Each structure stands twice: as C-alpha cells, then as structure tokens.
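First comes the structure, then the notes that go with it.
Derivation of every value follows stated rules applied to the coordinates shown; laboratory data play no part. Cβ: placed from backbone, ideal geometry, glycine included. Neighbour counts: every protein chain shown.
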Amino acid sequence: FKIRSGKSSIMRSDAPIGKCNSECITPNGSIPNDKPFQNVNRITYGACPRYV
Amino acid sequence: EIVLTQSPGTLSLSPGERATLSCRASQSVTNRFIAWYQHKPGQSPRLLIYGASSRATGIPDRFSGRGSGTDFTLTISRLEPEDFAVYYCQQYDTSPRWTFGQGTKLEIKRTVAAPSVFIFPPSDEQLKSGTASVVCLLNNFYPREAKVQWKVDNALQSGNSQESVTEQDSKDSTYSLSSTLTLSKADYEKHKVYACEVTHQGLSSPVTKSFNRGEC
Amino acid sequence: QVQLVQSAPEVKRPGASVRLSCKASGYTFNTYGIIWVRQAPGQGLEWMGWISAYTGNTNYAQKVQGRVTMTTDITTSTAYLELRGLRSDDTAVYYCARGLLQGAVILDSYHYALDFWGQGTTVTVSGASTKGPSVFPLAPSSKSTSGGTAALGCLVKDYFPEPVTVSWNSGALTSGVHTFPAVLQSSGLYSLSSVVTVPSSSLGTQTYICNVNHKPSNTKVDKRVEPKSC
Ligand SMILES: *[C@@H]1O[C@H](CO)[C@@H](O[C@@H]2O[C@H](CO)[C@@H](O[C@@H]3O[C@H](CO[C@H]4O[C@H](CO)[C@@H](O)[C@H](O[C@H]5O[C@H](CO)[C@@H](O)[C@H](O)[C@@H]5O)[C@@H]4O)[C@@H](O)[C@H](O[C@H]4O[C@H](CO)[C@@H](O)[C@H](O)[C@@H]4O)[C@@H]3O)[C@H](O)[C@H]2NC(C)=O)[C@H](O)[C@H]1NC(C)=O
Ligand SMILES: *[C@@H]1O[C@H](CO)[C@@H](O[C@@H]2O[C@H](CO)[C@@H](O[C@@H]3O[C@H](CO)[C@@H](O)[C@H](O)[C@@H]3O)[C@H](O)[C@H]2NC(C)=O)[C@H](O)[C@H]1NC(C)=O
C-alpha cells in the first residue's frame, strides 16, 4: 500500500450524502462557515467555525 | 499597496476541461473580500463570484469560487465557448480601495497550425506621399508564439516595425498577425531585397518571403 | 432591473478637463455608492475613486488625487467624474459600477462588490487634429502563392481618432476578412490594415474593393485592389 502525509481524515456518521457545496462537514451534516462560532458538534473537517 | 498576483497569466485548455485559476494576496484577507470578475472583450466586466465562494445571481453553476488566506481559486467545470475571457482578481479594504489584478486569459482550443506568410510591397501612391510601408502577413496560425524578423538586403531590422494580432477566430480558433515595416522613401530606394523571416512552432525551419524593389 | 447608463464618448485635448456621467436606474440612489474603474489600452483594470450618495466623502487613488473631483446629484440619480489636466496616458475606457451599502449594516458581501456596471465611456486625449484615413492598396502577390491560394489587402493610414469600419465589396465578402487592431503611430495618428484570402483563379473573374468609413471625418473611401502590372 501507499502511505502519504496527512491531508485526509475519517468520520463516524449515519447522515445521508447530498448534492451541495459546503466547505465544512460535521457528523450531523454541513454548516455554513459564515458564522465564526458553532454549537452543532465537536468533530469537524475543513474550514469550520470554532466550537463553543 | 496590497498586491494580488494572478496565475497563470495565459491558460490554454481544450473545451470541456476543468480550469483552475489562482490569485495570491500579499497579505491575509478575510473571506468577506476578494471577488472574481469576467471581462469578455468589447463588453462591460461581469461579476462572477462575490464574497469568497458565493455565485452571483444568474451565474452558471459551473463557476466555483474557493480559497482562504493568501490563496484564492476559481474553478470552472466543463468549460464552454461562452467562457473564453480574461478573469480579474479583486479585493476590498476599510477605506474604499478596490485593488484589481493583472488578469488571466483563457486561450482555449488547440491543434497546432502552420502560418501562411505573404509579403505585400509598398503601393506607388504611398511612395509618392514620401513614406513607404512594407507588410508581412501571417494567416491562420496557432499557437500565438511567433517571431518575425525583417531583412533588408540580408540586414537584420530593429525598431522600425510594428506588429498587430487579431483575437482568436470563432471558426478555426487560429491567430493572424501583421508586421509593418515603416521607412522613408529615400531609405526605401536605397536597397533592393526585402524579406520577412517567420519562425513558428508549426514550421520545421524559418519561412522567408522576399521581394525585390522595383521588380514585379 | 438595476441598470447604469454612461455619458457619450469624448475626445479632449491635453490639459483640458472632462466630465463623465453615470445615471442609475432600478435601485434607490442613496443606498449605494458608485465607484469608477478605468482600462488603459492593453492594460488591466485600475480603480480610481469612490463616492457615496449617503455620504459625500470621496476616496481617490494615489495616481490621480489632485486632478479628480467626483460629485453626485440625487436628482436624478446622476454621478459625475471630473478629470483635469488630462495627459496622454489618461486615454482609456472609463466604467462605473455600484459599490458599498449605505444606510444599513451589512453581512453579505454583495454590498461589498461591483455587480451592475455601465457600458463605459471611451475617452481619447491627444493633440492630433481630426484627420481622414488614407487608403493604399496591398497588391495581390504575383506568382499566385503555391496552388489555389491568394491574399490581398488594404492599408489604412494616418487616421484620427478611432474608429474606422472597413468592409469588402460593400459587405458581400465576409469570409477570410481579417481587420487588424490599430497601432498608435508616434505622430499621434492611427494605422490599420485589413486583408482577405481569396482563390487564385478569382483574380480576373471578380473585382475587389475595400470600403473604409471614418465617422469623425465624415469621409468614406473606396479603394479597388488589383494586381500590380509591370
Ligand atoms: C441587522 O442584522 C441583520 C442580521 O441579523 C441584517 O439582516 C440582513 O438581511 C437579511 C435578513 O432579513 C439577510 O440577508 C440574507 O442573505 C442570505 C444569503 O443570501 C443568498 O441567498 C439568498 C436566498 O434568498 C439570495 O436571495 C441571495 O441573493 C442576494 O443577492 C440578490 C441580488 O442583489 C438580493 O436581492 C438578495 O437579497 C441577496 O442579497 C444570496 O444568494 C439568505 O440566506 C437570507 O435569507 C433570509 O430569509 C430566510 C427566509 O427563509 C431565513 O431563513 C434566513 O435566515 C434569512 O433571514 C437573507 O436573504 C441577512 O441576515 C442580512 N444581510 C445583510 C447583507 O446584512 C441586517 O442587514 C442588519 N441591519 C439592519 C439595519 O437591520
Ligand atoms: C449532533 O449530533 C450529536 C451526536 O449525536 C448530538 O449530541 C447528542 O444529542 C443527543 C440527543 O439530544 C444526546 O442524547 C441525550 O443526552 C441527554 C443528556 O445526557 C440525555 O438526558 C438524553 O436521554 C439523551 O440520551 C447526547 O447526549 C448528545 N451528545 C452526544 C455526545 O451524543 C447533537 O445534539 C446533534 N446536534 C444537532 C443540532 O442535531
């Protein structure tokens, strides 16, 4: 197999896959990156609001 | 000032291929600024991406803005003939200053083509006026990279010629160039052999087209 | 719809002053300001200045600070850009576009961008007198290229100011017609060339004349192109 550097991750979630475009992905779904902070879920991937 | 550098300056892709443009900012910018425009030749500039990644109203879904910090990108999926243009980077700041970018040109289409070279002697009427112009024409050539050197009795010319290039043709997507050598009538009658030597990608060897003064 | 209409093209002289207009329709004028950006020949876009209807405050670019005055009149939604002491490099196409939001705090960056532009006013500043074009024929090459190829053209020289419209055989010939962009000669005049590719046999069979029009000079010149005979 091929072992690379770190740019990808893995997430546990049962939410469906949809046809849209959002930079941030959380286990519950996808959230806009417009707002600086977020309260949905701690686990995040990509450009996301800071969790509070 | 804040300087936005675009990349690549010229991008040549085939129709139906994704295109990625890159603008790097001198300093970090909040995604609230940095917007992307389109300028088709002969028309008013159009706004494609406002904010950082938000499509403007009535813009095709293929255009996709993205990026953060210093680097911002615009990606076009499934390029179509409407898309050929020059694209411009933009920023904004508190005291209103809208620093633009140099621009990236999409020279879409391909298939190397060999220039047809023709040389046109000065007309007698222009000679009576006292100024002589010799014209070298490059017709239906791709890509745009070509070099024309004038030769007056096997003498390399410099600084007395001007070039002019047409936009990419709608049908065959080729270029056409005109090189005009301007001289005085006395200087024109000083010499005999007038040639233009053309080097282009589609030619194995430079092509020389020549004519003798006062000989038709 | 939101629409911006601009003033007619102007041809001023060095050292003069030009006043440009930008009428607005479809959106209340006081809510957004109008900014002006120019494109010099063979050059990128360059921001120059911004004014707001809500606040008369103006911010100008460093390149043109002393020479630029921007005014706004609420009736009837008309913005004016005045440039003084015009120099040769000022020759460009000037656009206007709606900018910032005034009267409300904003969150969406549409109110931080330039969406609805104008057609643009083309301003040419030069000391050359208005002069009609001189058309000199470019002879079809003798010896007829290689087989069935041939090229002939017309040379348009010493015309000012732009534009010229060149047509072949009174609009009959639209195929193979290449009309190159103008080149600014050092004297301040413009030179242009239009050429077309024709079949070699057609030389005798058909007659080719180039029609050149220069609106500022009210001059229309027709020049037939025929093979030089020696
Ligand atoms: C006070 O503070 C408030 C914030 O709390 C400010 O409110 C502003 O106005 C509205 C709120 O009523 C909001 O604007 C939102 O814009 C987003 C995203 O816009 C995108 O999606 C839109 C979908 O409808 C679309 O229309 C947008 O298109 C833009 O461009 C066109 C062309 O010019 C223009 O006509 C549009 O109006 C857009 O500007 C763009 O594609 C949108 O999601 C918002 O929808 C509202 O309505 C739904 C109803 O279901 C609601 O669920 C949403 O939550 C949201 O309320 C809305 O269009 C936004 O909150 C604020 N926008 C700005 C620019 O400030 C207010 O301005 C502050 N000041 C004052 C004085 O009140
Ligand atoms: C996004 O997903 C996360 C993960 O599922 C959600 O957090 C979890 O939500 C559930 C349901 O509200 C919580 O379960 C409940 O917990 C309380 C307190 O312990 C308990 O009294 C209830 O009986 C029930 O078990 C759970 O605790 C909570 N956290 C975790 C780690 O699972 C979150 O709510 C989702 N967000 C949105 C907006 O849907």
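Brief remarks on what is shown
- Residue A:1 in contact with a strand residue (DSSP E or B) (Cβ under 7 Å, 6 or more places away or on another chain) and either free of Cβ contacts under 8 Å to residues at least 40 places away in the same chain or away from ligand 1 (no atom under 16 Å from the Cβ) (or both): no
- Of the candidates A:37, A:1, the single residue that is of a type in the set (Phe, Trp, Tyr), away from ligand 2 (no atom under 13 Å from the Cβ) and over 21 Å from residue B:30 (Cβ atoms) is A:1.
- Residue within segment C:137-152 that is of a type in the set (D, E, K, R) and in contact (Cβ under 8 Å) with a residue 24 or more places away in the chain present: no
- Some residue of segment A:16-25 being more than 14 Å from ligand 2 (Cβ to nearest atom), under 27 Å from residue B:62 (Cα atoms), of a type in the set (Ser, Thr, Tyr) and in a loop (DSSP other than H, G, I, E, B): yes
- All positions within segment B:154-179 that are more than 18 Å from the chain's Cα centre (by Cα), part of a strand (DSSP E or B) and not hydroxyl-bearing (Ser, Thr, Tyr): B:156
- All told, residue C:135 falls short of being within 12 Å of chain B (Cβ to nearest Cβ), part of a strand (DSSP E or B) and closer than 18 Å to residue B:176 by Cβ.
- Filtered by the rule that a residue be small (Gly, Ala, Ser), part of a strand (DSSP E or B) and surrounded by 15 or more Cβ atoms within 10 Å (Cβ to Cβ), segment B:2-47 gives B:7, B:19, B:22, B:25, B:35.
- Counted residues, segment B:37-64 - those being among the small types (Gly, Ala, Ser), within 13 Å of ligand 1 (Cβ to nearest atom) and more than 9 Å from chain C (Cβ to nearest Cβ): 2
- Residue check for residue C:103: in a loop (DSSP other than H, G, I, E, B) and either within 14 Å of another protein chain (Cβ to nearest Cβ) or among the hydrophobic types (A, V, I, L, M, F, W, C) (or both): no
- Residues that are part of a loop (DSSP other than H, G, I, E, B) and closer than 23 Å to residue B:42 by Cα, drawn from segment C:7-46: C:7, C:8, C:9, C:40, C:41, C:42, C:43, C:44
- Subset of segment C:111-144 that is over 25 Å from the mean Cα position of the chain (by Cα) and surrounded by fewer than 17 Cβ atoms within 10 Å (Cβ to Cβ) - its residue that is nearest to ligand 1 (Cβ to nearest atom): C:144
- Count - residues of segment C:204-230 that are within 14 Å of chain B (Cβ to nearest Cβ) and in contact with a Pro (Cβ under 7 Å, 6 or more places away or on another chain): 4
- Going through (1) of a type outside the set (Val, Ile, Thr); (2) over 27 Å from residue B:62 (Cβ atoms); (3) away from ligand 1 (no atom under 16 Å from the Cβ) one by one, residue A:36 falls short only on (3).
- Selected residue [among the aliphatic types (A, V, I, L, M), farther than 30 Å from residue B:41 by Cβ and touching a residue at least 12 places away in the same chain (Cβ under 8 Å)] from B:198, B:165, B:193, B:207: B:193
- A single member of C:186, C:170, C:191 is part of a loop (DSSP other than H, G, I, E, B) and either over 20 Å from residue B:169 (Cβ atoms) or within 8 Å of another protein chain (Cβ to nearest Cβ) (or both), and it is C:186.
- In segment A:32-46, the residues that are under 20 Å from residue A:7 (Cα atoms) and within 14 Å of another protein chain (Cβ to nearest Cβ) reach residues that are more than 14 Å from ligand 2 (Cβ to nearest atom) and of a type in the set (A, V, I, L, M) with C-beta atoms within less than 7 angstrom, at least six apart or across chains, in these pairs: A:33/A:47.
- Which numbered condition residue A:29 fails, given (1) surrounded by 10 or more Cβ atoms within 10 Å (Cβ to Cβ); (2) away from ligand 2 (no atom under 11 Å from the Cβ): (2)
- Considering C:177, C:166, C:93, C:123, the condition of being touching a helix residue (DSSP H, G or I) at 6+ places or on another chain (Cβ under 9 Å) and not small (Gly, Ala, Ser) is satisfied by C:123 alone.
- Subset tally (residues that are over 16 Å from residue C:129 (Cβ atoms) and under 18 Å from the mean Cα position of the chain (by Cα)) for segment C:5-19: 8
- Complete set of residues in segment C:121-132 that are more than 13 Å from every other protein chain (Cβ to nearest Cβ) and touching a strand residue (DSSP E or B) at 6+ places or on another chain (Cβ under 8 Å): C:123, C:124, C:125, C:126, C:128, C:129, C:130, C:131, C:132
- Restricting attention to segment C:216-230, the residues that are touching a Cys at 6+ places or on another chain (Cβ under 8 Å) and under 15 Å from residue C:131 (Cβ atoms) add up to 0.
- Within segment B:48-147, strands (runs of 3 or more DSSP E) holding 2 or more residues that are over 30 Å from residue C:134 (Cβ atoms), free of Cβ contacts under 8 Å to residues at least 12 places away in the same chain and not hydroxyl-bearing (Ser, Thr, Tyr): none
- Subset of segment B:186-206 [among the aliphatic types (A, V, I, L, M) and within 32 Å of the chain's Cα centre (by Cα)]: B:193, B:195, B:198, B:203
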